[PDB]
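Peer 1: A single structure is presented below for examination.
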Amino acid sequence: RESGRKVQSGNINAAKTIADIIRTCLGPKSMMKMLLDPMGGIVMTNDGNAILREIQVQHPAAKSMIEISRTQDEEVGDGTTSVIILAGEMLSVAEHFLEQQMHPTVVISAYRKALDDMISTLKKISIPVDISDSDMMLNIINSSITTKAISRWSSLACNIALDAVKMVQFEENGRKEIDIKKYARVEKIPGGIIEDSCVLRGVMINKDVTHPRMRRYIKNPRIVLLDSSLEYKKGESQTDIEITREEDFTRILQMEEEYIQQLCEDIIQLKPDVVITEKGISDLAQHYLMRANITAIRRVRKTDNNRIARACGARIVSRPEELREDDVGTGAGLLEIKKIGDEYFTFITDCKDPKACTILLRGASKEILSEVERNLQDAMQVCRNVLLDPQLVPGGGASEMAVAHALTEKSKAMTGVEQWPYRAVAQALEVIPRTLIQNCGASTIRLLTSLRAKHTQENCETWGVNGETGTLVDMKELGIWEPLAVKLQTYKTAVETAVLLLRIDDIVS
Amino acid sequence: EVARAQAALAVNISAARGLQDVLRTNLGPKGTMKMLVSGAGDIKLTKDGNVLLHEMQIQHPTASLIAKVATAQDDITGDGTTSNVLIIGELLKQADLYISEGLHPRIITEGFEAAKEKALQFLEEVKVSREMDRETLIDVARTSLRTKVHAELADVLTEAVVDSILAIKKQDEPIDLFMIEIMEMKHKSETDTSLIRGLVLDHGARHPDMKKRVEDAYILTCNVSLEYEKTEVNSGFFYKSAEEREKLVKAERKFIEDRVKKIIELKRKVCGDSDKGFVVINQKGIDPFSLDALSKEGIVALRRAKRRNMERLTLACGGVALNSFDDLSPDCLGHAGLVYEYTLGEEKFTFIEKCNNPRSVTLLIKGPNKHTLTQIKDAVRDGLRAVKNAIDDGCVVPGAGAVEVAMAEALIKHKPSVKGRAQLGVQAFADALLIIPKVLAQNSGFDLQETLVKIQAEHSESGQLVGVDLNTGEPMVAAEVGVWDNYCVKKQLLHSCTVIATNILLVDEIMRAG
Amino acid sequence: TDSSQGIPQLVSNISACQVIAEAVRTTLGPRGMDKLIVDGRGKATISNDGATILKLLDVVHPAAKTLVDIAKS
Amino acid sequence: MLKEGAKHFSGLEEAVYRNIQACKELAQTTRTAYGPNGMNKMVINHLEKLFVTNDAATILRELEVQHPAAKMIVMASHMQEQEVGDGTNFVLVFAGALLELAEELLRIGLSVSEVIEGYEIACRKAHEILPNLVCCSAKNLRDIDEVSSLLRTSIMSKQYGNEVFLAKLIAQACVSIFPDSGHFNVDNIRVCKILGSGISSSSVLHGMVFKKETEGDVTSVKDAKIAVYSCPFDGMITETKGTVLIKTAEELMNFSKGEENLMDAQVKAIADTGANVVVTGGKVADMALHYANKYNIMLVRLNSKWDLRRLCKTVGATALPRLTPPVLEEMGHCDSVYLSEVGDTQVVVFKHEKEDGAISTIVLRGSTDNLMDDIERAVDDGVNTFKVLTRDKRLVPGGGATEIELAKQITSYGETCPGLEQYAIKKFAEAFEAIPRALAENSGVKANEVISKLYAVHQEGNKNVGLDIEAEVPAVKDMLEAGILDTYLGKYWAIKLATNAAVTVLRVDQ
């Protein structure tokens, strides 16, 4: 239970102490944080991702800061640093002075217009990228893989992750938003070539579906996805009593297998040689498949068939009556059982609801595969964000100072009370030019004022400090891209978040 | 709880030296063997930079990372773990001084890059191509053996080292995974490091010395049952009906006497003579009555020579693994010109040797089988990994710190870029390079600068690769001496340094993670 | 696994050996003081000599045990 | 070191300090021992026999210490006892006194990479000329005073006065019944403890001598199939007394029926196992006793493992429990088996005589074991020193009379060589005086007095001290031309082995 400044200064004691090493942990020159595990261990993290998990809670507001780092991790997976940075970077200056001006409130609506002038600043500096050209994305998409940096597959997996969210973009809500990712999924492939780590349609099933008898391939015959009751039903659609008598025993087995029959009267008509039964899978049920010349598929689940629903594009059958093709194994279908390494890979290509496409990732080993798998992430995430938002914006102090004086100019434009948060929020922008230089080792001061001067001339339009060169430069020059996607999404979060814990003047039970 | 900035940074450079302070006493022939009765709780002895770490149970977090990076090195190398650990904290000293004079760890590491390059480039610039020859290989052998052990016992280990390296070259393997075989032997003296052109087998038999001397081997390495069992089991265990157990017990013995009489058929088919031995080797045990039936006929039936044997037997001897006796030819088995069942100490060690197409030529080490015999068991293996690299590379530079007065002094002469942004990491880098040449030189009671200035200038003057005499701490010429650094060895320890030296430099804060 | 070396243990041996003689100092001609000795067993313990109480007394000392056994010898 | 974590019992200071310190302090025994001494150690492993000892091996058997060297180093000292029985009370003090010689050089700052070398180098220089200072040899091993002379350093080293008859008794034992051709056996010739008689009465009765009682008869034939059984007779089903008078007059019989007719078939199949002697690890029942005599089977009423072990060893026996008709996997070894009265005690005597496998057995007669063990200890370390398996012992000057001989060898050779090892070698020329002091200590003078007057004898070979008045003021007992002599074997070892210990123990920092 906290109140007043004890919340507010405690809110400062929440995110900032989180965001302290994080700025060293952030930027392209990011300096990892050392951690000390409860075992006596160590974890070296540039992440705002891993720190909050391990580090124990230092303040109730931090538990709220953790989730907005989650929310940004949920939204992207990067910017988790900045959201707790930016919001916590807002908490230190404005509130207490403005509680001395007596308000959480004027700061909120200030934060809201501290939000918009950036959103006002962005549309110029955040300028449309062409999602058509891969390299026009790949410059953003190399900007995604360049900091986290697994360099070998930061090359190919991008073009893969480019194609990943591209091939998983049909996305139809009617508004053509592209959040669409899940269709794009990695594939854990033993052995094989380090290349042919690539995007294929549907979902080739690497999870639970690996069998000596699928035959070795089922191409034209269907993969049949059963939610439904492949096991017998003793009545019509239903079940009746067991055997206490000679009379009851013969009566039971008729409708039992007849249900399996009347299932596989309507199940066999659609031509599987592989029926994947996630539920209703049982010995006699799969033994029937064994006896039906249709592969008995066990140790398989909803994700599988939901991935197979995402693979051939099937709809996992919710009707015990009348199974068909477009139910399960849509199209002529391809179920391709390939051992690259010793795992049978269920390859189900030929996706219906097309543009739902996984990513076949093949290393010579899981690491060199996971090296594709991790580089894929930031790429495809930012690809998703670039395909979502077809814009890019210069990184570093460019967005920082162009909005900084803007908010400052806006603060002077207002010359009111809320100016003071604008005064506080504009500086929140500039800790990043600090952060970028607070990495490289020069004096950000000389450059801050010079980046002020970079605004004095150029309004820091495209000109930020680039963390790894530690100098104040055009990012359209350097091709360093935060998108209006990645940033505004990150900036949007913290804007709410600082308000949130500032909307807390009292913590209670 | 947290430690901010320099605090977590102080923890970095703090733990690093005691490591090296072991190494200043652990490095080279100048270094000293370290008995650890504490480390794992075991009673131990070791010289190496990598091994002393893992032997300890280490409670310090900075040192939890430390046993990691020399591991992959000692895998390749066997030396330089006794060294790389030195350069890291010696680098952590500099890097500390520069943040002590103030700096970020980033603008520190920035100067490592070109400095690391120019030195890694100097690896190329110096690299001495040494035609890889048992003589030169003896030197690369003993230098790692001298590093870890007596130059005396180095040359004792060196032979069996340089023995099986040409013998693994005989297997067309530039690395060595086989004839890496180091066989402890029960003896009053560890002084004996020998070579067996074939295996050292485990159990001649529980009925011993069947045919103890086999000078022509027909080797059947068989996981079969001449011991199936003689004891009381029903389904293979104790069932609930006691009378039903011994019913199958005879057929268990009879299925042995199936395989036994098959050998009477087999030894006949194979040999027909005790002259050229048919050799049963069982991955399981063997009944003494199987042995008795076989031994009196001039057969040696070995039991429980391990799966490594079952391979190396099937391998080194040109042998086979045939899991049914039945009837087989001598050529259905491999051949070894000597199989001798040999007792020094308790166990009789059957030596299957002169093995045709040897895939394993065993390196015999006699001794008390203590940490002592292990102390000569690791250095050889470590020295093996060194000459393994010496087989791997065709280029081996001198040892004895001869490289850095050629390497560091050049980087001491010049920033690789000749600009100050490098100097911040070049001063740190080029400095840390000279620890190994200076440490044992100063460990010998010879001041580093006066010792270095010679070996430095003696390189500057003569263009010489100029070593240190590790025991006398004097400038030597390691190009001729034979203390020689594999291009494979020296390269990774640079990386192993750099890879572990950056993030820990770049981590200024530590906190309890749970 | 305990030892005391040198004179310190040596001299320490005598008194443990001597104190029992300080009892028997003259127990042959009996006159002196005789205390009825009740051990931890509830056993009232006396003697016509030194040996029987010596039989009753035990020590962790080898020394004080020797001359005991010797006087018993 | 700089860490809260990791591990060590040694290092830094400690390696220079604790690793040298207590390893020396171990020597206090060997500092008072090895050569004639009345000084002894009461060591109580709590056996209810409070054990007098000067023997380092069974002194160090109890001693346990965290010092990894002193933890280890007892190994080389016990590895010594394996190789020679005498010279072991020499091992611990010599290096132990030779240790802190280097530590003083460590105070001078003379390196561990340096000093021990000179020792090792003079360890060579010793073992270089150490065979040159060999003088005599123990040649005829049937002969008493060629054997008892080697014995006359060795038991003497352990203990002083008793030595002489022991040496005779041990040479009169004829451990040469083992031709010593490469043959010696510690179990076949064995010590057999007999309470009472004299220790001068302590004898050697050839065969296997068991103070355990031969029960009933003796063997049917002297080449027995020897029945060595842990529990052949425990009783079958025992009798009872219920009322503190009788249980029932009726219930008495049926248990003897089970007892007898089993122990009938038992001992009848002790006769059907062909046992000429049945050797019972447990007790005997009078019925089986009666059966053992009728079936004509020598009976041993009780057997300690001391029997059963050597029985398993010599006879090829396996001591077995029997409630059942037996079978002999024991058989015999023995060509002779007896009840003899030895120690004037009725004794189970298994016997034969050969060169190899031959049992020719010491029988020790003493009022206690502390008598018959530490003396045996003193005894057997000469018997152990008799074990060379180079028949000629290459007898050096005994009583450590070669100290002064090598002392001026090493100190002159320490003068030759330059560099810090010249000190270490001259330091190696020092620790010689330890046993001469260890003697002069139990004798009561400083080795200086001794050794300086034996620096006046220069090359001598004969004169060296001990426990005696000659060892105090005169600084002289004649230990080469003596009757008191020692083999070169233990000379080859102790100087090298105590060094082998002292080699790396300063090197070990962790």
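Identifiers in the structure tokens: chain A, B, ... in order shown; residue index from 1 per chain; ligand index from 1 in order shown.
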Which residues, written as a list in words, have at least one atom at most 9 Å from residue 163 (chain B), with only C-alpha atoms counted and residues fewer than 3 positions away on the same chain left out?
Peer 2: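 What passes the distance filter is residues 134, 158, 159, 160, 166, 167, 168, 195, 361 and 363 of chain B.
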Peer 1: Next, the residues of the selection above should be written as a short mmCIF file (atom, residue, chain, number, x, y, z; two decimals), in the first residue's frame with C-alpha atoms.
Peer 2:
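Full text of part_13.cif as output:
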```cif
data_model
loop_
_atom_site.label_atom_id
_atom_site.label_comp_id
_atom_site.auth_asym_id
_atom_site.auth_seq_id
_atom_site.Cartn_x
_atom_site.Cartn_y
_atom_site.Cartn_z
CA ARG B 134 58.01 -36.74 -35.35
CA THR B 158 56.23 -37.56 -25.83
CA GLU B 159 57.12 -40.92 -27.37
CA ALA B 160 53.70 -42.54 -26.92
CA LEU B 166 52.02 -41.08 -36.96
CA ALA B 167 49.83 -44.12 -36.29
CA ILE B 168 46.68 -42.01 -36.49
CA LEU B 195 52.62 -48.05 -26.74
CA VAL B 361 47.12 -48.48 -31.14
CA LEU B 363 49.16 -45.97 -25.35
#
```
Peer 1: Name the residues in contact with residue 140 (chain B) at a cut-off of 8 Å, using only C-alpha atoms, excluding same-chain residues fewer than 3 positions from it; report them as a PyMOL selection string.
Peer 2: chain B and resi 136-137+143-144+383+386-387+390+482-486
Peer 1: Please identify all polymer residues within 7 Å of residue 426 (chain B), counting only C-alpha atoms, omitting same-chain residues fewer than 6 positions from it, and present them as a CSV table (one decimal) with N, CA and C atoms, in the first residue's frame.
Peer 2:
```
chain,number,residue,atom,x,y,z
B,111,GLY,N,38.7,-0.6,-29.7
B,111,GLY,CA,40.1,-0.7,-30.0
B,111,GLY,C,40.7,-2.1,-30.0
B,112,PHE,N,39.9,-3.1,-29.3
B,112,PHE,CA,40.3,-4.5,-29.4
B,112,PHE,C,40.3,-4.9,-30.9
B,115,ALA,N,43.2,-4.2,-33.1
B,115,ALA,CA,44.3,-4.8,-32.3
B,115,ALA,C,44.2,-6.4,-32.4
B,415,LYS,N,49.6,1.4,-32.9
B,415,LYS,CA,48.2,1.1,-33.1
B,415,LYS,C,47.9,0.6,-34.5
```
Peer 1: Report the closest atom pair, with its distance in Å rounded to one decimal, for each residue of chain B that has an atom no farther than 9 Å from chain D; count only C-alpha atoms, sort by chain and then rising residue number, and write it as JSON lines.
Peer 2:
```
{"residue": "B:11", "atom": "CA", "partner": "D:3", "partner_atom": "CA", "distance": 8.9}
{"residue": "B:14", "atom": "CA", "partner": "D:2", "partner_atom": "CA", "distance": 6.1}
{"residue": "B:15", "atom": "CA", "partner": "D:2", "partner_atom": "CA", "distance": 5.1}
{"residue": "B:16", "atom": "CA", "partner": "D:2", "partner_atom": "CA", "distance": 7.7}
{"residue": "B:17", "atom": "CA", "partner": "D:2", "partner_atom": "CA", "distance": 7.0}
{"residue": "B:18", "atom": "CA", "partner": "D:1", "partner_atom": "CA", "distance": 4.8}
{"residue": "B:19", "atom": "CA", "partner": "D:1", "partner_atom": "CA", "distance": 7.6}
{"residue": "B:21", "atom": "CA", "partner": "D:1", "partner_atom": "CA", "distance": 8.0}
{"residue": "B:22", "atom": "CA", "partner": "D:509", "partner_atom": "CA", "distance": 7.3}
{"residue": "B:25", "atom": "CA", "partner": "D:509", "partner_atom": "CA", "distance": 7.8}
{"residue": "B:26", "atom": "CA", "partner": "D:509", "partner_atom": "CA", "distance": 8.8}
{"residue": "B:29", "atom": "CA", "partner": "D:113", "partner_atom": "CA", "distance": 8.3}
{"residue": "B:30", "atom": "CA", "partner": "D:113", "partner_atom": "CA", "distance": 6.0}
{"residue": "B:31", "atom": "CA", "partner": "D:113", "partner_atom": "CA", "distance": 7.5}
{"residue": "B:32", "atom": "CA", "partner": "D:507", "partner_atom": "CA", "distance": 4.7}
{"residue": "B:33", "atom": "CA", "partner": "D:508", "partner_atom": "CA", "distance": 5.4}
{"residue": "B:34", "atom": "CA", "partner": "D:508", "partner_atom": "CA", "distance": 3.9}
{"residue": "B:35", "atom": "CA", "partner": "D:508", "partner_atom": "CA", "distance": 4.9}
{"residue": "B:36", "atom": "CA", "partner": "D:510", "partner_atom": "CA", "distance": 5.1}
{"residue": "B:37", "atom": "CA", "partner": "D:68", "partner_atom": "CA", "distance": 6.0}
{"residue": "B:38", "atom": "CA", "partner": "D:8", "partner_atom": "CA", "distance": 5.0}
{"residue": "B:39", "atom": "CA", "partner": "D:7", "partner_atom": "CA", "distance": 5.0}
{"residue": "B:40", "atom": "CA", "partner": "D:7", "partner_atom": "CA", "distance": 8.3}
{"residue": "B:43", "atom": "CA", "partner": "D:68", "partner_atom": "CA", "distance": 7.8}
{"residue": "B:45", "atom": "CA", "partner": "D:508", "partner_atom": "CA", "distance": 7.7}
{"residue": "B:46", "atom": "CA", "partner": "D:508", "partner_atom": "CA", "distance": 8.6}
{"residue": "B:52", "atom": "CA", "partner": "D:510", "partner_atom": "CA", "distance": 8.5}
{"residue": "B:53", "atom": "CA", "partner": "D:6", "partner_atom": "CA", "distance": 8.3}
{"residue": "B:56", "atom": "CA", "partner": "D:6", "partner_atom": "CA", "distance": 5.8}
{"residue": "B:57", "atom": "CA", "partner": "D:6", "partner_atom": "CA", "distance": 5.6}
{"residue": "B:58", "atom": "CA", "partner": "D:6", "partner_atom": "CA", "distance": 3.6}
{"residue": "B:59", "atom": "CA", "partner": "D:5", "partner_atom": "CA", "distance": 3.9}
{"residue": "B:60", "atom": "CA", "partner": "D:5", "partner_atom": "CA", "distance": 4.4}
{"residue": "B:61", "atom": "CA", "partner": "D:5", "partner_atom": "CA", "distance": 8.2}
{"residue": "B:62", "atom": "CA", "partner": "D:3", "partner_atom": "CA", "distance": 8.7}
{"residue": "B:63", "atom": "CA", "partner": "D:6", "partner_atom": "CA", "distance": 8.0}
{"residue": "B:188", "atom": "CA", "partner": "D:79", "partner_atom": "CA", "distance": 8.5}
{"residue": "B:443", "atom": "CA", "partner": "D:111", "partner_atom": "CA", "distance": 8.6}
{"residue": "B:444", "atom": "CA", "partner": "D:111", "partner_atom": "CA", "distance": 7.4}
{"residue": "B:445", "atom": "CA", "partner": "D:111", "partner_atom": "CA", "distance": 8.2}
{"residue": "B:471", "atom": "CA", "partner": "D:113", "partner_atom": "CA", "distance": 6.8}
```
Peer 1: Take the residues from that selection and put them in a file with C-alpha atoms, as a PDB file, in the first residue's frame.
Peer 2:
```pdb
ATOM      1  CA  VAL B  11      33.760  -8.112  -9.417  1.00  0.00           C
ATOM      2  CA  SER B  14      38.651  -9.200  -9.061  1.00  0.00           C
ATOM      3  CA  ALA B  15      38.062 -12.925  -9.584  1.00  0.00           C
ATOM      4  CA  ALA B  16      40.179 -12.985 -12.751  1.00  0.00           C
ATOM      5  CA  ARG B  17      43.645 -12.839 -11.201  1.00  0.00           C
ATOM      6  CA  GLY B  18      43.435 -15.730  -8.728  1.00  0.00           C
ATOM      7  CA  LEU B  19      42.750 -17.844 -11.784  1.00  0.00           C
ATOM      8  CA  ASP B  21      47.606 -16.523  -9.901  1.00  0.00           C
ATOM      9  CA  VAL B  22      47.104 -20.247 -10.139  1.00  0.00           C
ATOM     10  CA  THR B  25      52.207 -21.080 -10.654  1.00  0.00           C
ATOM     11  CA  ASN B  26      50.484 -23.342 -13.203  1.00  0.00           C
ATOM     12  CA  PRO B  29      57.450 -26.006 -17.086  1.00  0.00           C
ATOM     13  CA  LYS B  30      57.773 -23.059 -14.715  1.00  0.00           C
ATOM     14  CA  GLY B  31      54.257 -23.795 -13.458  1.00  0.00           C
ATOM     15  CA  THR B  32      53.524 -26.231 -10.673  1.00  0.00           C
ATOM     16  CA  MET B  33      51.279 -29.275 -10.348  1.00  0.00           C
ATOM     17  CA  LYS B  34      48.236 -28.550  -8.213  1.00  0.00           C
ATOM     18  CA  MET B  35      46.821 -31.137  -5.827  1.00  0.00           C
ATOM     19  CA  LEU B  36      43.168 -30.472  -5.128  1.00  0.00           C
ATOM     20  CA  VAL B  37      41.740 -32.359  -2.173  1.00  0.00           C
ATOM     21  CA  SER B  38      39.007 -29.706  -1.919  1.00  0.00           C
ATOM     22  CA  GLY B  39      37.898 -28.919  -5.439  1.00  0.00           C
ATOM     23  CA  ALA B  40      35.410 -31.652  -6.215  1.00  0.00           C
ATOM     24  CA  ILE B  43      41.926 -36.104  -3.930  1.00  0.00           C
ATOM     25  CA  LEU B  45      46.438 -33.312  -8.918  1.00  0.00           C
ATOM     26  CA  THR B  46      46.495 -31.159 -12.041  1.00  0.00           C
ATOM     27  CA  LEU B  52      41.953 -26.882 -12.545  1.00  0.00           C
ATOM     28  CA  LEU B  53      38.808 -24.801 -13.051  1.00  0.00           C
ATOM     29  CA  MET B  56      36.859 -27.143  -8.426  1.00  0.00           C
ATOM     30  CA  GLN B  57      33.280 -26.552  -7.402  1.00  0.00           C
ATOM     31  CA  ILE B  58      33.387 -22.832  -7.926  1.00  0.00           C
ATOM     32  CA  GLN B  59      30.956 -20.611  -6.063  1.00  0.00           C
ATOM     33  CA  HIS B  60      31.965 -17.280  -7.584  1.00  0.00           C
ATOM     34  CA  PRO B  61      29.716 -16.027 -10.408  1.00  0.00           C
ATOM     35  CA  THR B  62      32.506 -14.448 -12.485  1.00  0.00           C
ATOM     36  CA  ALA B  63      34.265 -17.810 -12.290  1.00  0.00           C
ATOM     37  CA  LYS B 188      54.685 -49.567  -8.665  1.00  0.00           C
ATOM     38  CA  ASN B 443      58.054 -16.116 -11.896  1.00  0.00           C
ATOM     39  CA  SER B 444      61.641 -17.310 -12.282  1.00  0.00           C
ATOM     40  CA  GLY B 445      62.879 -14.294 -10.337  1.00  0.00           C
ATOM     41  CA  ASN B 471      62.298 -22.079 -15.679  1.00  0.00           C
TER      42      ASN B 471
END
```
Peer 1: Using the chain letters and numbers from this document, which residues of region 236-463 of chain B does DSSP assign to strand (DSSP E), as JSON, numbers by chain?
Peer 2: {"B": [277, 278, 279, 280, 281, 282, 300, 301, 302, 303, 320, 321, 336, 337, 338, 339, 340, 341, 342, 343, 348, 349, 350, 351, 352, 353, 354, 355, 362, 363, 364, 365, 366, 367, 396, 397, 398]}
Peer 1: Could you write out that same residue set with N, CA and C atoms as a CSV table (one decimal), in the first residue's frame?
Peer 2:
```csv
chain,number,residue,atom,x,y,z
B,277,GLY,N,45.7,-68.6,-32.6
B,277,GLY,CA,44.6,-68.5,-31.6
B,277,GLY,C,43.3,-68.0,-32.2
B,278,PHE,N,42.3,-68.8,-32.0
B,278,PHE,CA,40.9,-68.4,-32.0
B,278,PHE,C,40.6,-67.7,-30.6
B,279,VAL,N,40.1,-66.5,-30.7
B,279,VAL,CA,39.9,-65.7,-29.5
B,279,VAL,C,38.4,-65.4,-29.3
B,280,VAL,N,37.8,-65.9,-28.3
B,280,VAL,CA,36.5,-65.5,-27.9
B,280,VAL,C,36.7,-64.2,-27.0
B,281,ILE,N,36.0,-63.2,-27.4
B,281,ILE,CA,35.9,-62.0,-26.5
B,281,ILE,C,34.4,-61.7,-26.3
B,282,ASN,N,34.0,-61.7,-25.0
B,282,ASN,CA,32.6,-61.5,-24.7
B,282,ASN,C,32.3,-60.2,-24.1
B,300,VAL,N,41.4,-69.0,-25.8
B,300,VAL,CA,41.3,-67.9,-24.8
B,300,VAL,C,39.9,-67.3,-25.1
B,301,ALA,N,39.1,-67.3,-24.0
B,301,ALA,CA,37.8,-66.7,-24.1
B,301,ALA,C,37.7,-65.5,-23.2
B,302,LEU,N,37.7,-64.3,-23.8
B,302,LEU,CA,37.7,-63.1,-23.0
B,302,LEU,C,36.2,-62.6,-22.7
B,303,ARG,N,36.0,-62.1,-21.5
B,303,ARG,CA,34.7,-61.6,-21.1
B,303,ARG,C,34.9,-60.1,-20.7
B,320,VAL,N,36.0,-58.6,-36.0
B,320,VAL,CA,34.6,-58.6,-36.3
B,320,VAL,C,33.8,-58.6,-35.0
B,321,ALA,N,32.5,-58.2,-35.1
B,321,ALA,CA,31.6,-58.6,-34.0
B,321,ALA,C,30.6,-59.5,-34.6
B,336,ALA,N,45.5,-60.4,-35.1
B,336,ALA,CA,46.5,-59.7,-34.4
B,336,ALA,C,47.7,-60.6,-34.1
B,337,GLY,N,48.9,-60.1,-34.5
B,337,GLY,CA,50.1,-61.0,-34.3
B,337,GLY,C,50.5,-61.2,-32.9
B,338,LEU,N,49.9,-60.4,-31.9
B,338,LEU,CA,50.1,-60.7,-30.5
B,338,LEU,C,48.8,-60.5,-29.8
B,339,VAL,N,48.3,-61.5,-29.1
B,339,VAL,CA,47.3,-61.4,-28.0
B,339,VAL,C,47.9,-62.0,-26.8
B,340,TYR,N,48.3,-61.2,-25.8
B,340,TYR,CA,48.9,-61.8,-24.6
B,340,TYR,C,48.2,-61.3,-23.4
B,341,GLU,N,47.9,-62.2,-22.5
B,341,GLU,CA,47.2,-62.0,-21.3
B,341,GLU,C,48.2,-61.7,-20.2
B,342,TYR,N,48.3,-60.5,-19.7
B,342,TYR,CA,49.4,-59.9,-19.0
B,342,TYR,C,49.1,-59.4,-17.7
B,343,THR,N,49.7,-59.8,-16.6
B,343,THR,CA,49.5,-59.4,-15.3
B,343,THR,C,50.6,-58.6,-14.8
B,348,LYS,N,44.9,-59.1,-14.9
B,348,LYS,CA,45.5,-59.6,-16.1
B,348,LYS,C,45.0,-58.8,-17.3
B,349,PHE,N,46.0,-58.1,-18.0
B,349,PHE,CA,45.6,-57.2,-19.1
B,349,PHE,C,46.1,-57.9,-20.4
B,350,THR,N,45.1,-58.4,-21.1
B,350,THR,CA,45.4,-59.1,-22.4
B,350,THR,C,45.7,-58.1,-23.4
B,351,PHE,N,46.9,-58.3,-24.0
B,351,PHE,CA,47.3,-57.3,-25.0
B,351,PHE,C,47.1,-57.9,-26.4
B,352,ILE,N,46.0,-57.4,-27.1
B,352,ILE,CA,45.8,-57.8,-28.5
B,352,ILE,C,46.5,-56.8,-29.3
B,353,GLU,N,47.5,-57.2,-30.0
B,353,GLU,CA,48.4,-56.3,-30.7
B,353,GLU,C,49.0,-56.9,-31.9
B,354,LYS,N,49.9,-56.1,-32.6
B,354,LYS,CA,50.2,-56.4,-34.0
B,354,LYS,C,49.0,-56.5,-34.8
B,355,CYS,N,47.9,-55.8,-34.4
B,355,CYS,CA,46.6,-55.9,-35.0
B,355,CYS,C,46.6,-55.4,-36.4
B,362,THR,N,47.2,-48.7,-28.7
B,362,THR,CA,46.9,-48.3,-27.4
B,362,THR,C,48.2,-47.7,-26.8
B,363,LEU,N,48.0,-46.6,-26.0
B,363,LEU,CA,49.2,-46.0,-25.4
B,363,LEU,C,49.2,-46.4,-23.9
B,364,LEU,N,50.1,-47.3,-23.5
B,364,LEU,CA,50.2,-47.9,-22.2
B,364,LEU,C,50.8,-46.9,-21.3
B,365,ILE,N,50.2,-46.7,-20.1
B,365,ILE,CA,50.8,-46.0,-19.0
B,365,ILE,C,50.6,-46.8,-17.8
B,366,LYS,N,51.8,-47.3,-17.3
B,366,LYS,CA,51.8,-48.1,-16.1
B,366,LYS,C,51.8,-47.1,-14.9
B,367,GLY,N,51.4,-47.6,-13.7
B,367,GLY,CA,51.5,-46.8,-12.5
B,367,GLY,C,50.6,-47.2,-11.4
B,396,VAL,N,53.3,-24.1,-37.2
B,396,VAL,CA,53.4,-24.0,-35.7
B,396,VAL,C,54.4,-22.9,-35.4
B,397,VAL,N,54.0,-21.9,-34.7
B,397,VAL,CA,54.9,-20.8,-34.3
B,397,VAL,C,55.6,-21.2,-33.0
B,398,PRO,N,56.7,-20.6,-32.6
B,398,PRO,CA,57.4,-20.9,-31.4
B,398,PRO,C,56.5,-20.7,-30.2
```
Peer 1: Output as a PyMOL selection string the set of chain A residues within 12 Å of chain B, with distances taken over only C-alpha atoms.
Peer 2: chain A and resi 17-18+20-46+50-58+436-443+467-470
Peer 1: Using only C-alpha atoms, which protein or nucleic acid residues come within 10 Å of residue 429 (chain B)? Drop anything in the same chain fewer than 4 positions from it, and give the result as a list in words.
Peer 2: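 Everything that qualifies: residues 87, 88, 90, 91, 92, 94, 95, 108, 109, 111, 112, 113, 114, 115, 116, 119, 408, 411, 412, 422, 423, 424, 425, 433, 434 and 498 of chain B.
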Peer 1: Give the residues of chain D that lie within 8 Å of chain C; count only C-alpha atoms, and format the answer as a ChimeraX atom specification.
Peer 2: /D:42,45,50,62-64
